[PDB]
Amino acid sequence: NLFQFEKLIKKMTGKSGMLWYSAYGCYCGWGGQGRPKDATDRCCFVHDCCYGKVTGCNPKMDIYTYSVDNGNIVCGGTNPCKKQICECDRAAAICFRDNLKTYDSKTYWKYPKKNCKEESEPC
(Lines of atoms letter the chains of each structure in order from A and count residues from 1; the text may use other names and numbers.)
(Lines give C-alpha, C1' and ligand atoms only; values in the text may rest on other atoms or scores of the structure.)
Protein backbone atom coordinates (compact mmCIF):
# COMPACT_ATOMS: atom_id res chain seq x y z
CA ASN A 1 0.00 0.00 0.00
CA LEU A 2 0.97 3.66 -0.18
CA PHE A 3 2.24 3.62 3.44
CA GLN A 4 4.62 0.83 2.45
CA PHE A 5 5.68 2.56 -0.79
CA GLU A 6 6.68 5.62 1.23
CA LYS A 7 8.76 3.43 3.54
CA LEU A 8 10.69 1.76 0.71
CA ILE A 9 11.43 5.08 -0.98
CA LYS A 10 12.73 6.60 2.27
CA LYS A 11 14.88 3.49 2.86
CA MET A 12 16.52 3.53 -0.56
CA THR A 13 16.70 7.28 -1.10
CA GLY A 14 16.80 8.99 2.29
CA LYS A 15 14.02 11.14 0.82
CA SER A 16 10.27 11.21 1.36
CA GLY A 17 8.26 9.95 -1.61
CA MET A 18 5.41 12.32 -0.74
CA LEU A 19 7.67 15.38 -0.78
CA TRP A 20 10.12 14.48 -3.56
CA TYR A 21 8.27 12.11 -5.92
CA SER A 22 4.56 12.93 -5.83
CA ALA A 23 4.61 15.69 -8.48
CA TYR A 24 7.70 15.24 -10.66
CA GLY A 25 7.76 15.19 -14.49
CA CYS A 26 5.02 13.61 -16.61
CA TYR A 27 4.59 10.41 -14.58
CA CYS A 28 5.56 10.76 -10.93
CA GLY A 29 2.44 11.14 -8.82
CA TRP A 30 -1.21 11.42 -9.80
CA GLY A 31 -1.84 11.13 -13.53
CA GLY A 32 0.76 10.56 -16.23
CA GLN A 33 0.76 10.86 -20.01
CA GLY A 34 3.19 11.68 -22.82
CA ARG A 35 6.82 10.53 -22.56
CA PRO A 36 8.92 10.55 -19.37
CA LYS A 37 11.20 13.60 -19.19
CA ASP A 38 14.23 12.16 -17.42
CA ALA A 39 15.59 9.04 -15.71
CA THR A 40 13.56 9.64 -12.49
CA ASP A 41 10.34 10.28 -14.48
CA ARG A 42 11.09 6.98 -16.27
CA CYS A 43 11.25 5.09 -12.94
CA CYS A 44 7.65 6.40 -12.44
CA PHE A 45 6.45 5.43 -15.94
CA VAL A 46 7.77 1.91 -15.35
CA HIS A 47 6.07 1.81 -11.92
CA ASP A 48 2.71 2.69 -13.54
CA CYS A 49 3.33 -0.04 -16.19
CA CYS A 50 4.18 -2.45 -13.34
CA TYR A 51 0.91 -1.77 -11.47
CA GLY A 52 -1.06 -1.95 -14.76
CA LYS A 53 -0.02 -5.61 -15.06
CA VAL A 54 -1.22 -6.63 -11.57
CA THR A 55 -4.36 -8.76 -11.74
CA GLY A 56 -6.36 -10.05 -8.77
CA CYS A 57 -5.35 -7.49 -6.14
CA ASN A 58 -5.16 -3.71 -5.68
CA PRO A 59 -1.61 -2.34 -5.95
CA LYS A 60 -2.46 1.00 -4.25
CA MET A 61 -4.43 -0.44 -1.36
CA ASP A 62 -3.28 -3.98 -0.50
CA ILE A 63 -0.61 -4.72 2.07
CA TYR A 64 2.35 -6.88 1.01
CA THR A 65 5.02 -8.71 3.07
CA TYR A 66 8.64 -7.56 3.10
CA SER A 67 11.75 -7.73 5.24
CA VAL A 68 14.95 -5.73 5.37
CA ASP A 69 17.99 -8.05 5.39
CA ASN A 70 21.43 -6.37 5.60
CA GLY A 71 20.28 -3.31 3.63
CA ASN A 72 18.30 -5.30 1.04
CA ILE A 73 14.51 -5.29 0.73
CA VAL A 74 13.22 -8.86 0.26
CA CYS A 75 9.69 -9.44 -1.05
CA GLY A 76 8.11 -12.33 0.82
CA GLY A 77 4.77 -13.83 1.73
CA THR A 78 2.85 -16.54 -0.11
CA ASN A 79 0.27 -14.51 -2.11
CA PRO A 80 1.72 -14.13 -5.63
CA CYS A 81 -0.36 -11.01 -6.41
CA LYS A 82 0.77 -9.20 -3.24
CA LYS A 83 4.44 -10.15 -4.01
CA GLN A 84 3.95 -8.57 -7.44
CA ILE A 85 3.03 -5.28 -5.72
CA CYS A 86 6.09 -5.55 -3.47
CA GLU A 87 8.20 -6.09 -6.63
CA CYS A 88 6.72 -2.96 -8.34
CA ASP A 89 7.32 -0.73 -5.28
CA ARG A 90 10.86 -1.94 -4.52
CA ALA A 91 11.83 -1.66 -8.25
CA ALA A 92 10.74 2.02 -8.29
CA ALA A 93 12.59 2.71 -4.98
CA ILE A 94 15.80 1.20 -6.42
CA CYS A 95 15.27 3.12 -9.69
CA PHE A 96 14.95 6.47 -7.79
CA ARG A 97 18.25 5.77 -5.91
CA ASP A 98 20.12 4.87 -9.15
CA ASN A 99 18.96 8.22 -10.54
CA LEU A 100 19.40 10.66 -7.62
CA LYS A 101 22.33 12.23 -9.44
CA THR A 102 20.15 13.66 -12.22
CA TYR A 103 17.12 14.52 -10.04
CA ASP A 104 16.14 18.09 -10.99
CA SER A 105 13.38 19.70 -8.88
CA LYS A 106 14.03 23.11 -10.38
CA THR A 107 12.89 21.88 -13.81
CA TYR A 108 10.61 19.00 -12.88
CA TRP A 109 8.88 19.51 -9.55
CA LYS A 110 5.29 20.58 -10.15
CA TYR A 111 5.76 20.04 -13.91
CA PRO A 112 2.50 20.92 -15.68
CA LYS A 113 1.08 17.59 -16.86
CA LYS A 114 -0.15 19.69 -19.80
CA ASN A 115 3.33 19.72 -21.34
CA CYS A 116 2.95 15.94 -21.59
CA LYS A 117 0.91 15.83 -24.80
CA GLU A 118 2.99 13.95 -27.35
CA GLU A 119 2.84 10.30 -28.38
CA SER A 120 2.94 8.04 -25.35
CA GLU A 121 5.45 5.23 -25.03
CA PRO A 122 4.04 1.72 -24.72
CA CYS A 123 4.68 -0.26 -21.56
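Residues carry their position along the shown sequence, with the first being 1.
For the higher mean C-alpha B factor in the entry, choose 39-47 or 55-63.
Higher mean C-alpha B-factor in the PDB entry: 55-63.
Averaging only over Cα atoms, indicate whether 91-99 or 65-73 has the higher B-factor in the PDB entry.
Taking the mean B-factor of the alpha carbons in each, 65-73 is higher.
Among the modelled residues of this chain, does the Cα B factor of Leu2 put it in the lowest, middle or highest third?
Its C-alpha B-factor belongs to the middle third of this chain's values.
Considering only modelled residues of the same chain, in which third does the CA B-factor of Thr78 rank: lowest, middle or highest?
Its C-alpha B-factor, which the entry lists for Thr78, ranks in the highest third among residues of this chain.
Can you tell me which third, lowest, middle or highest, the CA B-factor of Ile9 falls into for its chain?
For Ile9, the deposited C-alpha B-factor lands in the lowest third.
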